[PDB]
Number of protein chains: 2
Amino acid sequence: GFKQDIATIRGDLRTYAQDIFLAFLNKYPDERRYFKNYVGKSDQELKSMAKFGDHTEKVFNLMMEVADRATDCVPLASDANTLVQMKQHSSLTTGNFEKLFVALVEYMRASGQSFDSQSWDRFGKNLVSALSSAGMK
Amino acid sequence: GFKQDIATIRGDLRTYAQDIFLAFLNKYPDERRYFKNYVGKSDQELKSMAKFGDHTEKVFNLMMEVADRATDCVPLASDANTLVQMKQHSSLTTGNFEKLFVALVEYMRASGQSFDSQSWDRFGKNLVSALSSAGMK
Ligand code: HEM
Ligand code: HEM
Ligand SMILES: [N+]
Ligand SMILES: [N+]
Ligand SMILES: [N+]
C-alpha cells in the first residue's frame, strides 16, 4: 500500500526520482521552462548533470517526507505551507503540481512494480487542495 | 457515501444524535460517568431530559460540521484544536472519542440505512489522530 510505496521509493530514491521527473517533463513539455538548465537536453544528457541528480533527489526526498507525514493520504497544512513558501516555487500554481501527480501515477501504473496508484492519485489531489489552502494560486 | 451520510444525519439530526449517543453510553457504561445527570436513567427518561436533547443535538450539529469540513475523512486541524480546547472536554482523553466512533459505526452497520460505515470508521480514527496532534492525551 501507500506506506510500502514510500519504502519502495526511498530504497532506490535517485532512480525513481529521475524516472518520474523525466516522465513529468516528457508528458508536459511546457513544464521544462521552469528548469532553464534542463532546456534542450535528452533524458540521458540530464543524467550527466550533477545538479539534475541532486535536485531531483531533494525533490523526491521532500515528497516522501510529506507523504509519510500525511494522514490517510491527506498532507499536513504545514507541509503544504513549506511548499508554497519556498522561493523556488514562487512563480508556480496548483496546475504545475497537478500535472506532476498525473505523470507520477501514470508512471506507477506503467511500471512492473506493485504500487498503490489509487492512493498516490488521492495524495496528489489532496496535496493540490492543501496547496491552495496554504495560499498558492 | 460520506458526504451523503452527513446529509442523512442532518435530515433527522435530533433522532440520530440521541440514538447514537445512547448506543455509545449503553455499549460503554463507564462513559456515562462524564455526564453526571445521565447516571441511573433509562433511554426514555433521557429522551425527556432537557439538557440531554439540547446537548446531544449540539454534539451532532458540530460533529457534522467537522465531518463536512474534512478532506477524505481527515478533519481540519482547527476543528481538532477546538475540540481539545473546549472546557467541557478538559478531562477527556482520545479513548473517549475512540469509543464514541466505535459505537457510531456499529450503529450505522446495524441500521436499515445505507451508511458508508467504513468512511465513518476512518473519520473516527483520523479525528483521534488529529486530537492527539492537537495535544489531547
Ligand atoms: C510535491 C511536489 C514538489 C516537491 C516536494 C518539491 C520540492 C523541491 C525542493 C526540495 C527543491 C530544492 C532542491 C534544491 O535546492 O536542489 C525544489 C526546487 C525547485 N522546484 Fe520543486 N517541488 C515540487 C514540485 C515542483 C513543481 C511542480 C515545479 C514546477 C513544475 C517545481 C519547481 C521547482 C524549481 C524550478 C526549483 C529550483 C530548481 C533550480 O533552480 O535548480 N517544484 N523543489
Ligand atoms: C467528535 C465528537 C464530539 C463532539 C463534536 C462534541 C461536542 C460537544 C459540544 C458542542 C458540547 C457543548 C454542548 C452544549 O453546550 O449543549 C459538548 C459538551 C460536552 N461534551 Fe462533547 N463532543 C464530542 C465528544 C465527546 C466525548 C467522547 C465525550 C466524553 C466521553 C464528551 C463529553 C462532553 C461533556 C461532559 C460535555 C458537557 C455536558 C453538559 O452540557 O452537561 N464529548 N460536546
Ligand atoms: N522493488
Ligand atoms: N491502487
Ligand atoms: N471499517
Side-chain angles (χ1 to χ4, degrees), chain A residues 17 20-21 24-25 28 30-38 49 51-67 75 79-80 82-83 86-101 103-104 123-124 127-128 130-131 136, chain B residues 17 20-21 24-25 28 30-38 49-67 75 79-80 82-83 86-106 108-109 116-125 127-128 130-131 136:
Chain A
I20 297 168
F21 184 78
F24 173 49
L25 294 189
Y28 301 101
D30 287 340
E31 306 294 318
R32 190 178 297 249
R33 295 184 292 211
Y34 302 95
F35 312 89
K36 282 269 94 66
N37 57 338
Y38 304 164
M49 297 178 35
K51 279 195 177 151
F52 180 76
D54 285 355
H55 165 247
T56 58
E57 177 175 73
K58 292 174 157 48
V59 172
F60 283 75
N61 170 53
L62 181 52
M63 193 192 292
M64 294 307 101
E65 304 268 15
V66 171
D79 281 334
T82 294
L83 291 174
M86 275 161 326
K87 301 312 178 188
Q88 304 98 320
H89 290 171
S90 70
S91 82
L92 311 177
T93 63
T94 67
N96 300 113
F97 289 82
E98 209 169 57
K99 289 171 186 73
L100 175 56
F101 285 92
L104 179 146
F123 175 70
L127 187 55
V128 164
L131 288 166
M136 177 174 300
Chain B
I20 298 168
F21 187 76
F24 167 60
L25 292 187
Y28 301 106
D30 289 341
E31 301 291 316
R32 193 178 292 250
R33 300 180 290 163
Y34 297 98
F35 315 85
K36 43 156 159 185
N37 48 164
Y38 305 165
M49 278 176 62
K51 282 178 19 271
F52 181 79
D54 298 347
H55 164 230
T56 58
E57 170 141 1
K58 288 177 179 172
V59 169
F60 281 73
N61 287 335
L62 183 56
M63 187 192 301
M64 291 308 98
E65 284 184 89
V66 180
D79 276 325
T82 294
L83 292 165
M86 278 168 64
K87 293 194 95 167
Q88 304 105 315
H89 291 163
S90 63
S91 59
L92 307 175
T93 61
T94 59
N96 299 107
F97 293 79
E98 206 225 306
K99 287 168 187 70
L100 171 63
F101 286 89
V102 171
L104 173 153
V105 171
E106 178 182 68
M108 285 180 170
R109 290 204 171 115
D116 181 1
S117 72
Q118 308 162 74
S119 286
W120 290 92
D121 193 36
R122 291 167 53 215
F123 177 64
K125 290 169 164 46
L127 181 55
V128 163
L131 291 173
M136 178 173 288

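First listed ligand is number 1; within each ligand, the first listed atom is number 1. The sequence lines fix the lettering, A, B, ..., with proteins before strands; numbering per chain opens at 1.
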Look at atom 10 (C) of ligand 1 and say whether a protein heavy atom is found at less than 4.0 angstrom from it. yes

Judged by heavy atoms only, the candidate from A:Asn61, A:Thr82, A:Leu83, A:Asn96 nearest atom 27 (C) of ligand 1 is A:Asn96

Nearest candidate to atom 17 (C) of ligand 1, where distance is taken over non-hydrogen atoms, out of A:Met86, A:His89, A:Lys58: A:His89

Can you check whether A:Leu127 reaches A:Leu83 side chain to side chain, under 4.5 Å on heavy atoms? yes

Closest non-hydrogen protein atom to atom 35 (C) of ligand 2, residue and atom name please, with distance? B:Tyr34 O, 3.3 Å

In terms of the angle between their ring planes, are B:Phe35 and B:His55 parallel, tilted or perpendicular, with boundaries placed at 30° and 60°? tilted

Side chains of A:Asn37 and A:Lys51: do they bring a donor and an acceptor to under 3.5 Å? no

Ligand-side contact atoms (ligand 1) for residue partner A:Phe24, heavy atom cut-off under 4.0 Å: 30 (C)

Report the C-alpha distance between A:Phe101 and A:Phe24 in whole Å, list the side-chain angles of each, state the deciding distance to 0.1 Å, and finish with yes or no for ring pair (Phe, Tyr, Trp, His ring centres under 6.0 Å). CA-CA 8 Å; A:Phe101 285 92; A:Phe24 173 49; 9.4 Å; no

Residues, nucleotides or ligands: over 12 heavy atoms within 6.0 Å of B:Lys36 NZ: no

Starting from atom 24 (C) of ligand 2, which protein heavy atom do you reach first, and at what distance in Å? B:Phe97 CE2, 3.3 Å

For atom 34 (C) of ligand 2, which protein heavy atom lies nearest, and how many Å away is it? B:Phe35 CE2, 3.6 Å

Ligand 2 to B:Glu31 polar contact by distance, N or O atoms, under 3.5 Å: no

How far is atom 39 (C) of ligand 1 from its nearest protein heavy atom, and which residue and atom name does that atom have? A:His55 CD2, 4.8 Å

Suppose we measure from atom 41 (O) of ligand 2 to each protein heavy atom; which comes out shortest, and what is that distance? B:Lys51 CE, 4.2 Å

Cut-off 3.5 Å, side chains only: do A:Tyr28 and A:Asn96 have a donor facing an acceptor? no

Side chains of B:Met63 and B:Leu100 in contact at under 4.5 Å (non-hydrogen atoms): yes

Are there more than 12 heavy atoms of other residues, nucleotides or ligands under 6.0 Å from atom CD of B:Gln118? no

Measuring from atom 26 (C) of ligand 1, which candidate in A:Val59, A:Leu92, A:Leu25 has the nearest non-hydrogen atom? A:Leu92

Under 4.0 Å to a heavy atom of A:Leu100 - the qualifying atoms of ligand 1, by number: 2 (C)

Is it true that A:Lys58 and A:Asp54 have a side-chain N and a carboxylate O under 4.0 angstrom from each other? no

Any idea which protein heavy atom is nearest atom 1 (C) of ligand 2, and the distance to it? B:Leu127 CD2, 3.5 Å

re atom 12 (C) of ligand 2, the protein heavy-atom contact at minimum distance is B:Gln88 NE2, 3.8 Å

